[PDB]
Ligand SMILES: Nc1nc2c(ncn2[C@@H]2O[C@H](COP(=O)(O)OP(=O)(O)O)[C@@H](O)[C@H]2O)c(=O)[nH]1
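Next up: just one chain, as structure tokens, the form solved without the ligand.
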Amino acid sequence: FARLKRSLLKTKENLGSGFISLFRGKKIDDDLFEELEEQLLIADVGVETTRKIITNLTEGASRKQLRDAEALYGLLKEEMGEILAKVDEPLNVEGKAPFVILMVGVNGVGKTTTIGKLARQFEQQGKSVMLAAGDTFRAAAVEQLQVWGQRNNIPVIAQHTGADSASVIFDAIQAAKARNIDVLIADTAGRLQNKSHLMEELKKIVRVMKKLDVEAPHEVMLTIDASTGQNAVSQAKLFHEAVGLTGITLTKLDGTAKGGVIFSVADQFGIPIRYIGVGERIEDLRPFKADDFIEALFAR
């Protein structure tokens, strides 16, 4: 995974292959674990997840009675591989009419653009897609979706600026079912300034969907930006506590040294990481595969 390896360069400065130069010729002691702990934190692995990692490393190293630091690399590969393995369930949007994905997250992390990429990917697999411009007060985000949808021959349900979000989405599910759409992707508001207001809106949207399908939304997908580091974790915590997240898309891993936040997100929530954005192309919004990611992160 060449493209994946290249996109992770900044994170690899401290993690994965980044561990190699740190362990080189070192002996295993408190100083070393201290330095390792520092590289993990710098990469935004997070205090709690770093502690779990160091603790399990400490133990595994003692069980095998290791003396030379170079060997800690493989133990870390296994330990960190384990953390991501627990959230490796791929998103399966098949067999529904439609399969409803409610895209949540704050403004400015590229939700609308992620919606476009996901819509193209599903069409490239043979599925029909419909979009719902549920971020009703942001005329620019609604217009972005409408214009792009028009030219890609993808129906977009939208109403006047300030329309009730739950109503636009209700109408979109209604239109999706009438037209035999396979996947419906709904955008949502993202002003985290007034958290209670935003969360109540999402709760309403979710309640209203039940009038049409007891199973909708089939996926509540949070989009977070890896370059915002631990802010991504704070955002995940907020949305998850309010509404139930069933999937996470982590974008902008390319170029940030904070790629370690993926471990923090995986470990603290246990919510499947569905996609990781590692470039600007449609295919760069990669369905997440824990093994490919770990191999790319740890490869020299």
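Between two forms, the rigid core is defined as the largest C-alpha subset superposing within 1.5 Å. For every residue, the number given is its place in the sequence shown, counted from 1.
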Outlying stretch relative to shown form, 191-199 versus 154-162 in 7 other deposited structures of this protein, C-alpha RMS (core): 191-199
Farther-lying stretch by C-alpha RMS in 7 other deposited structures of this protein, rigid core as reference, of 211-219 and 135-143: 135-143
Entry-level comparison of average CA B-factors, 44-52 and 236-244, reporting the higher stretch: 236-244
248-256 versus 53-61 - which carries the larger mean C-alpha B factor in the record: 53-61
Residue selected from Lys127, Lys195, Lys96, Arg120 by maximal Cα B factor: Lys195
Top Cα B factor in the deposited entry, candidates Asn92, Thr113, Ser165, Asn153: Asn153
Cα B factor band for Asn180 (lowest, middle or highest third within the chain): highest
Third assignment of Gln230 from its chain's C-alpha B-factors: highest
Chain third (lowest, middle, highest) by recorded CA B-factor, residue given as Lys77: lowest
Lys10 CA temperature factor, ranked by third within the chain: middle
Modelled-residue ranking by C-alpha temperature factor, third containing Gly277: lowest
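Note that the form deposited with the ligand bound isn't included here; everything after this is about it.
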Contact label in the deposited bound form: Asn107 to the ligand, heavy atom within 4.5 Å: yes
Distance check, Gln230 to the ligand in the deposited bound form, heavy atom within 4.5 Å: no
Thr251: touches the ligand in the deposited bound form, heavy atom cutoff 4.5 angstroms: yes
Contact flag, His218 vs the ligand in the deposited bound form, heavy atom cut 4.5 Å: no
Segment that reaches the ligand in the deposited bound form - one of 113-121, 92-100, 78-86, 175-183, heavy atoms within 4.5 Å: 113-121
